[PDB]
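Enquirer: Input run.cif, format and content: mmCIF, C-alpha atoms.
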data_coords
loop_
_atom_site.label_atom_id
_atom_site.label_comp_id
_atom_site.auth_asym_id
_atom_site.auth_seq_id
_atom_site.Cartn_x
_atom_site.Cartn_y
_atom_site.Cartn_z
CA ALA A 1 -31.47 2.12 18.79
CA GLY A 2 -30.26 -1.04 17.10
CA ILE A 3 -31.05 -2.99 13.95
CA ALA A 4 -30.73 -6.78 13.75
CA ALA A 5 -30.40 -7.59 10.05
CA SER A 6 -30.01 -11.24 9.09
CA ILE A 7 -29.84 -12.84 5.64
CA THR A 8 -29.68 -16.57 4.91
CA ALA A 9 -29.59 -17.84 1.32
CA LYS A 10 -29.82 -21.55 0.50
CA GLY A 11 -29.24 -22.81 -3.03
CA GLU A 12 -29.79 -26.52 -2.44
CA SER A 13 -29.67 -28.42 -5.73
CA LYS A 14 -27.79 -30.98 -7.82
CA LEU A 15 -23.99 -30.84 -8.09
CA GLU A 16 -21.76 -29.98 -5.13
CA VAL A 17 -19.90 -27.19 -6.98
CA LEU A 18 -23.26 -25.50 -7.65
CA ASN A 19 -25.09 -25.78 -4.32
CA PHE A 20 -24.49 -22.99 -1.84
CA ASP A 21 -25.54 -21.97 1.68
CA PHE A 22 -25.12 -18.22 2.14
CA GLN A 23 -25.78 -16.39 5.40
CA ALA A 24 -25.42 -12.76 6.45
CA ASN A 25 -25.82 -10.74 9.63
CA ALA A 26 -25.78 -7.13 10.79
CA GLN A 27 -25.92 -5.59 14.26
CA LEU A 28 -26.05 -2.04 15.56
CA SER A 29 -25.99 -0.14 18.85
CA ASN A 30 -26.12 3.59 19.64
CA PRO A 31 -27.86 4.40 22.94
CA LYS A 32 -26.69 7.97 23.57
CA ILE A 33 -22.92 8.38 23.61
CA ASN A 34 -22.22 6.92 20.16
CA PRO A 35 -20.44 3.73 21.35
CA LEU A 36 -20.72 2.19 17.89
CA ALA A 37 -19.70 -1.48 17.70
CA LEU A 38 -20.79 -2.09 14.11
CA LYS A 39 -20.04 -5.64 12.97
CA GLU A 40 -20.39 -7.87 9.92
CA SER A 41 -19.82 -11.52 9.06
CA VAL A 42 -19.93 -12.68 5.44
CA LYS A 43 -20.31 -16.45 5.21
CA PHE A 44 -21.30 -18.99 2.56
CA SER A 45 -20.65 -22.60 1.59
CA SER A 46 -19.74 -23.62 -1.96
CA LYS A 47 -17.59 -26.62 -2.86
CA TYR A 48 -16.19 -24.67 -5.81
CA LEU A 49 -14.87 -21.93 -3.50
CA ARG A 50 -15.00 -21.26 0.24
CA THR A 51 -14.44 -17.64 1.29
CA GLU A 52 -15.15 -16.02 4.65
CA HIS A 53 -15.08 -12.49 6.01
CA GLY A 54 -15.71 -10.71 9.28
CA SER A 55 -15.47 -6.96 9.83
CA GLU A 56 -16.17 -5.43 13.25
CA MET A 57 -15.77 -1.66 13.51
CA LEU A 58 -15.46 0.04 16.90
CA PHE A 59 -16.00 3.73 17.69
CA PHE A 60 -15.85 5.61 21.00
CA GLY A 61 -15.53 9.22 19.88
CA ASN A 62 -11.73 9.32 19.88
CA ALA A 63 -11.31 5.55 20.39
CA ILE A 64 -11.86 4.31 16.83
CA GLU A 65 -10.99 0.69 16.05
CA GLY A 66 -11.23 -1.48 12.97
CA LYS A 67 -10.69 -5.22 12.49
CA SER A 68 -11.49 -6.83 9.14
CA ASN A 69 -10.46 -10.22 7.82
CA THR A 70 -10.97 -11.88 4.44
CA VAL A 71 -9.66 -15.41 3.88
CA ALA A 72 -10.29 -17.47 0.74
CA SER A 73 -9.14 -20.94 -0.26
CA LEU A 74 -9.42 -22.34 -3.79
CA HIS A 75 -9.46 -26.13 -4.05
CA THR A 76 -9.99 -28.38 -7.06
CA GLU A 77 -8.79 -31.62 -8.67
CA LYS A 78 -5.55 -30.07 -9.95
CA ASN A 79 -5.00 -26.88 -7.94
CA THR A 80 -5.01 -25.83 -4.28
CA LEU A 81 -4.83 -22.08 -3.61
CA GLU A 82 -5.33 -20.14 -0.38
CA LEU A 83 -5.19 -16.53 0.75
CA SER A 84 -5.57 -14.77 4.10
CA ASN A 85 -5.81 -11.11 5.06
CA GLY A 86 -6.00 -9.35 8.42
CA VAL A 87 -6.92 -5.67 8.73
CA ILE A 88 -5.72 -4.28 12.07
CA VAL A 89 -6.47 -0.54 12.11
CA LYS A 90 -6.97 1.48 15.30
CA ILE A 91 -7.49 5.24 15.61
CA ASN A 92 -7.05 6.70 19.09
CA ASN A 93 -4.53 9.54 18.83
CA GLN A 94 -2.34 8.77 15.81
CA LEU A 95 -2.74 6.61 12.69
CA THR A 96 -1.29 3.12 12.30
CA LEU A 97 -2.06 -0.02 10.32
CA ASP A 98 -0.72 -3.57 10.12
CA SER A 99 -2.14 -5.67 7.28
CA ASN A 100 -0.91 -9.12 6.26
CA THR A 101 -1.18 -10.98 2.98
CA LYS A 102 -0.83 -14.76 3.25
CA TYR A 103 -0.60 -16.14 -0.28
CA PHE A 104 -0.43 -19.85 -1.07
CA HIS A 105 -0.52 -21.70 -4.39
CA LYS A 106 -0.04 -25.39 -5.16
CA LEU A 107 -0.61 -26.50 -8.76
CA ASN A 108 -0.28 -30.16 -9.71
CA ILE A 109 -0.87 -31.04 -13.37
CA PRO A 110 -0.09 -34.72 -14.10
CA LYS A 111 -0.63 -34.24 -17.84
CA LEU A 112 2.98 -33.07 -18.33
CA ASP A 113 4.36 -33.80 -14.82
CA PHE A 114 4.05 -30.26 -13.49
CA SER A 115 4.08 -29.19 -9.84
CA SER A 116 4.40 -25.52 -8.88
CA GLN A 117 4.49 -24.02 -5.40
CA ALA A 118 4.21 -20.30 -4.67
CA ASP A 119 3.99 -18.88 -1.17
CA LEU A 120 4.21 -15.16 -0.45
CA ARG A 121 4.26 -12.98 2.67
CA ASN A 122 3.13 -9.40 2.04
CA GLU A 123 2.88 -7.42 5.27
CA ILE A 124 2.54 -3.67 5.78
CA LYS A 125 3.13 -1.80 9.05
CA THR A 126 2.66 1.97 9.01
CA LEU A 127 2.71 4.69 11.65
CA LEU A 128 1.42 8.21 11.01
CA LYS A 129 2.03 10.72 13.80
CA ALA A 130 2.24 14.49 14.25
CA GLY A 131 5.55 14.97 12.47
CA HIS A 132 6.62 11.30 12.51
CA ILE A 133 6.69 8.67 9.76
CA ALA A 134 7.48 5.01 10.49
CA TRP A 135 7.12 2.93 7.33
CA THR A 136 8.51 -0.55 6.71
CA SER A 137 7.66 -3.69 4.76
CA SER A 138 9.15 -7.08 3.93
CA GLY A 139 8.44 -8.76 0.61
CA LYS A 140 9.45 -12.22 1.80
CA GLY A 141 8.72 -15.19 -0.43
CA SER A 142 10.12 -18.14 -2.32
CA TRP A 143 9.52 -20.12 -5.50
CA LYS A 144 9.94 -23.72 -6.64
CA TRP A 145 8.74 -26.00 -9.44
CA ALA A 146 9.81 -28.99 -11.52
CA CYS A 147 9.19 -28.91 -15.28
CA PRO A 148 11.43 -30.00 -18.19
CA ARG A 149 10.93 -26.73 -20.08
CA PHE A 150 11.15 -24.55 -16.94
CA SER A 151 12.74 -25.67 -13.66
CA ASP A 152 13.71 -23.04 -11.10
CA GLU A 153 13.73 -22.64 -7.33
CA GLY A 154 14.81 -19.88 -4.98
CA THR A 155 13.87 -17.44 -2.25
CA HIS A 156 12.89 -13.78 -2.56
CA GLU A 157 13.85 -11.54 0.36
CA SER A 158 12.82 -7.88 0.42
CA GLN A 159 12.82 -5.24 3.14
CA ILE A 160 11.74 -1.60 2.95
CA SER A 161 12.91 1.01 5.45
CA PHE A 162 11.50 4.55 5.57
CA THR A 163 11.23 7.02 8.46
CA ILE A 164 10.67 10.78 8.67
CA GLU A 165 11.42 12.84 11.80
CA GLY A 166 11.77 16.59 11.37
CA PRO A 167 13.88 18.01 8.54
CA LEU A 168 15.94 14.80 8.35
CA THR A 169 14.93 11.89 6.11
CA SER A 170 15.83 8.20 6.23
CA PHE A 171 15.37 5.58 3.52
CA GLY A 172 17.04 2.20 3.12
CA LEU A 173 16.46 -0.96 1.08
CA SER A 174 17.90 -4.46 1.57
CA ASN A 175 17.08 -6.60 -1.46
CA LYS A 176 18.25 -10.22 -1.32
CA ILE A 177 17.26 -12.41 -4.28
CA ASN A 178 18.59 -15.94 -4.72
CA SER A 179 17.88 -18.64 -7.29
CA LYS A 180 19.57 -21.70 -8.79
CA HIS A 181 20.83 -19.75 -11.80
CA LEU A 182 20.81 -16.06 -10.80
CA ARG A 183 22.03 -14.62 -7.48
CA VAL A 184 21.74 -10.86 -6.98
CA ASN A 185 22.32 -8.86 -3.79
CA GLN A 186 21.00 -5.30 -3.69
CA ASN A 187 21.24 -2.64 -1.00
CA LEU A 188 20.08 0.98 -0.98
CA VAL A 189 21.49 3.54 1.45
CA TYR A 190 20.02 7.05 1.35
CA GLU A 191 20.43 9.87 3.85
CA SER A 192 20.12 13.66 3.72
CA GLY A 193 19.74 16.08 6.60
CA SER A 194 17.65 18.80 4.91
CA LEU A 195 19.96 21.32 3.15
CA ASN A 196 23.08 20.12 4.97
CA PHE A 197 24.26 16.82 3.45
CA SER A 198 23.17 14.00 1.17
CA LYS A 199 24.45 10.42 1.46
CA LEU A 200 24.40 8.36 -1.75
CA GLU A 201 25.38 4.70 -1.39
CA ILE A 202 24.51 1.94 -3.86
CA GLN A 203 25.25 -1.76 -3.51
CA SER A 204 24.71 -4.09 -6.47
CA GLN A 205 26.16 -7.62 -6.47
CA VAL A 206 25.16 -9.83 -9.40
CA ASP A 207 26.23 -13.49 -9.32
CA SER A 208 25.59 -15.83 -12.23
CA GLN A 209 27.45 -18.92 -13.41
CA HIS A 210 26.99 -18.59 -17.18
CA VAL A 211 28.15 -14.97 -17.57
CA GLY A 212 30.32 -14.55 -14.50
CA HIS A 213 30.40 -11.93 -11.77
CA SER A 214 29.54 -8.23 -11.93
CA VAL A 215 30.63 -5.87 -9.15
CA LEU A 216 28.86 -2.49 -9.03
CA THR A 217 29.01 -0.38 -5.87
CA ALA A 218 29.60 3.35 -5.55
CA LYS A 219 29.38 6.19 -3.03
CA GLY A 220 28.50 9.87 -3.11
CA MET A 221 29.14 12.51 -0.46
CA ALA A 222 27.19 15.73 -1.07
CA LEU A 223 27.18 18.82 1.15
CA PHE A 224 25.03 21.94 0.88
CA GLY A 225 25.69 25.63 1.50
CA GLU A 226 29.24 25.73 0.16
CA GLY A 227 29.26 23.77 -3.11
CA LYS A 228 30.88 20.45 -2.20
CA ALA A 229 29.96 17.25 -4.04
CA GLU A 230 32.20 14.18 -4.42
CA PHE A 231 30.95 10.85 -5.75
CA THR A 232 33.07 7.70 -5.74
CA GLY A 233 32.13 6.05 -9.02
CA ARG A 234 33.52 2.72 -10.19
CA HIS A 235 32.60 -0.65 -11.65
CA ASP A 236 34.26 -4.03 -12.21
CA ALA A 237 32.63 -6.67 -14.42
CA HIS A 238 33.45 -10.16 -15.67
CA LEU A 239 32.02 -11.81 -18.77
CA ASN A 240 31.99 -15.54 -19.46
CA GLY A 241 30.57 -17.71 -22.22
CA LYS A 242 30.02 -16.29 -25.70
CA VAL A 243 31.92 -13.17 -24.56
CA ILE A 244 34.92 -12.69 -22.27
CA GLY A 245 36.75 -9.59 -21.06
CA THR A 246 36.63 -6.88 -18.43
CA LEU A 247 34.73 -3.64 -17.76
CA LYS A 248 36.69 -1.11 -15.71
CA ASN A 249 34.98 2.23 -15.10
CA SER A 250 36.54 5.15 -13.22
CA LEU A 251 34.19 7.97 -12.20
CA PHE A 252 36.12 10.16 -9.75
CA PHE A 253 35.74 13.90 -9.29
CA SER A 254 35.37 16.66 -6.71
CA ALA A 255 32.98 19.62 -6.95
CA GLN A 256 34.57 22.50 -5.08
CA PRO A 257 34.22 26.30 -5.00
CA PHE A 258 36.55 27.82 -7.61
CA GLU A 259 37.92 24.32 -8.30
CA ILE A 260 36.30 21.73 -10.58
CA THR A 261 38.10 18.48 -11.41
CA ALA A 262 36.70 15.36 -13.10
CA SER A 263 38.38 12.05 -13.92
CA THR A 264 36.62 9.57 -16.21
CA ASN A 265 38.27 6.35 -17.36
CA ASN A 266 36.63 3.49 -19.25
CA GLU A 267 38.43 0.23 -20.05
CA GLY A 268 37.36 -2.87 -21.94
CA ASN A 269 39.19 -5.76 -23.62
CA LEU A 270 36.22 -7.86 -24.70
CA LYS A 271 36.61 -10.82 -27.07
CA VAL A 272 33.34 -11.69 -28.81
CA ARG A 273 32.97 -15.32 -29.92
CA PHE A 274 30.99 -14.84 -33.11
CA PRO A 275 29.32 -17.89 -34.71
CA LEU A 276 30.87 -19.70 -37.70
CA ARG A 277 34.17 -19.62 -35.76
CA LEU A 278 34.81 -15.87 -35.85
CA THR A 279 36.43 -13.90 -33.02
CA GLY A 280 36.11 -10.16 -32.56
CA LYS A 281 39.01 -8.57 -30.68
CA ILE A 282 37.85 -5.30 -29.12
CA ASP A 283 40.20 -3.10 -27.09
CA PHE A 284 39.15 0.50 -26.43
CA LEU A 285 40.86 3.04 -24.18
CA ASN A 286 38.53 5.87 -23.18
CA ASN A 287 39.88 8.34 -20.63
CA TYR A 288 39.16 11.83 -19.35
CA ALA A 289 40.69 14.45 -17.07
CA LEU A 290 39.10 17.80 -16.19
CA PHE A 291 40.34 20.85 -14.32
CA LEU A 292 38.27 24.04 -14.15
CA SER A 293 39.50 27.05 -12.18
CA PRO A 294 39.10 30.85 -12.46
CA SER A 295 42.79 31.20 -13.38
CA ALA A 296 43.40 28.37 -15.86
CA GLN A 297 41.40 25.47 -17.27
CA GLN A 298 42.21 22.22 -19.06
CA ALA A 299 40.71 19.06 -20.51
CA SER A 300 41.92 15.83 -22.08
CA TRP A 301 40.45 13.30 -24.51
CA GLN A 302 42.37 10.22 -25.68
CA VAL A 303 40.81 7.29 -27.54
CA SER A 304 42.62 4.07 -28.44
CA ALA A 305 39.66 2.16 -29.84
CA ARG A 306 40.87 -0.92 -31.72
CA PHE A 307 38.85 -3.60 -33.52
CA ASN A 308 40.62 -6.86 -34.37
CA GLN A 309 43.14 -5.63 -36.95
CA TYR A 310 41.91 -2.00 -37.10
CA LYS A 311 43.62 0.33 -34.63
CA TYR A 312 42.78 3.98 -34.04
CA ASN A 313 44.39 6.42 -31.60
CA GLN A 314 42.79 9.85 -31.31
CA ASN A 315 44.67 12.63 -29.51
CA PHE A 316 42.89 15.69 -28.09
CA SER A 317 44.38 18.00 -25.45
CA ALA A 318 42.51 21.11 -24.35
CA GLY A 319 43.89 23.71 -21.97
CA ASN A 320 43.76 27.47 -21.46
CA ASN A 321 46.59 29.25 -19.64
CA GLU A 322 47.46 32.94 -19.54
CA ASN A 323 51.16 32.36 -20.28
CA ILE A 324 50.37 30.10 -23.25
CA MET A 325 47.44 28.34 -24.90
CA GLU A 326 48.04 24.98 -26.57
CA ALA A 327 45.98 23.83 -29.54
CA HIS A 328 46.82 20.42 -31.02
CA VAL A 329 44.62 17.96 -32.90
CA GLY A 330 45.82 14.38 -33.13
CA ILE A 331 44.05 12.58 -35.98
CA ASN A 332 45.73 9.20 -36.46
CA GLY A 333 44.39 5.85 -37.60
CA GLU A 334 45.10 2.83 -39.75
CA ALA A 335 42.69 0.57 -41.65
CA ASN A 336 44.21 -2.61 -43.06
CA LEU A 337 42.95 -3.50 -46.54
#
Do you think you could lay out the structure here as structure tokens?

Expert:
Amino acid sequence: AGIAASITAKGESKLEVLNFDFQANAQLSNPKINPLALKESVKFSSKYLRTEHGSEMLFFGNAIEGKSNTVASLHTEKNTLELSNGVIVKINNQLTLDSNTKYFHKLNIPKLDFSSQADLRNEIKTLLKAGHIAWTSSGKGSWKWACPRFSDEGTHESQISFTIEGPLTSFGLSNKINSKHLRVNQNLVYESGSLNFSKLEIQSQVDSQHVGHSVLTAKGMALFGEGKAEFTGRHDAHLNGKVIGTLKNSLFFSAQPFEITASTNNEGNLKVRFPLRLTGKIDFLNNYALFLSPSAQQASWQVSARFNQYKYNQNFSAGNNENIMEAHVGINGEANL
């Protein structure tokens, strides 16, 4: 039992952008055993836009297959755009798909001397199995254009990693972005073996000429069942241009049974270049030290925030001990008038 369906539409007329020649088809087959080979082809002519598609679905009970494609290409007197897509899906025992996105764009506007090029690769590859996950992608692409009000060029590089196998999980990102004015490197590292451990790793590298360099990267080691958690937290930054200085950040601590200790330190000596020839001199000293224990506990807070000619030192020590408890409040400051 099969059906031969065929459609053919002709819009012959004046103007090339308006005339069209559409055609369609459809085929079927199903004798006894359901060996379906359903197919489709979408086709038409039109000077304004040419787009084509063909989808052919295959079925053999457990052998299930699917191939679909849709490609379009825009063309005119100023612009030239294209796109392609391939659906590759097959179902035999497990589930998997690989689909691609081919993106092109070329714009040329001679009115203001503009020429833009965009060209993007968007591909997905998945794998679903009985207890298995295999997921990855790559957002590869680049950009470029010449325009007096906006001129930039660079390459975008993305990669996604994800995989599941049993109680353990895996997940990693490698982001590489590069341009003529901004350069950032990004990495993600994640790992945790169910309720046993948890790996926390961040990688952020920002590079720019006008402001300077920023360095942010930190680690965290977490363990389950006992109460252990230690994160290595830090940051180093540079500022250039209208502002100059440093950003030091200390975030160190250990989470332990019957022992809690935290160390936080924040440093900055920024010098703001205000307009009308004014300079703001900012130096602040923010620190912290923790110790928690069943026997004795303590804390510390010291601030040395200073603005230009206005200095302030604030003293705060907190600590409980059985032999002696200290209680001092340091309130000191000076405001020039």

Enquirer: Can you translate the PyMOL selection byres ((chain A and resi 41-43) around 12) into the concrete residues it hits in this file, as a PyMOL selection string?

Expert: chain A and resi 5-10+20-27+38-40+44-46+49-57+67-72

Enquirer: What is the CA of residue 191 (chain A)-CA of residue 230 (chain A) distance in Å, reported with one decimal?

Expert: 15.0 Å

Enquirer: Just to confirm, what's the straight-line distance from CA of residue 99 (chain A) to CA of residue 63 (chain A) in Å (one decimal)?

Expert: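 Calculated distance between CA of residue 99 (chain A) and CA of residue 63 (chain A) is 19.5 Å.
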
Enquirer: So, counting only C-alpha atoms, which residue among A:302, A:13, A:92, A:79 is closest to residue 118 (chain A)?

Expert: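 Looking at the shortest contact to residue 118 (chain A), the residue is A:79.
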
Enquirer: What does the PyMOL selection byres ((chain A and resi 64) around 6) select in this file, as a PyMOL selection string?

Expert: chain A and resi 58-60+62-63+65+90-92

Enquirer: If you measure from CA of residue 283 (chain A) to CA of residue 252 (chain A), what distance in Å do you get, rounded to one decimal?

Expert: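 Atom-to-atom, CA of residue 283 (chain A) and CA of residue 252 (chain A) are spaced 22.2 Å apart.
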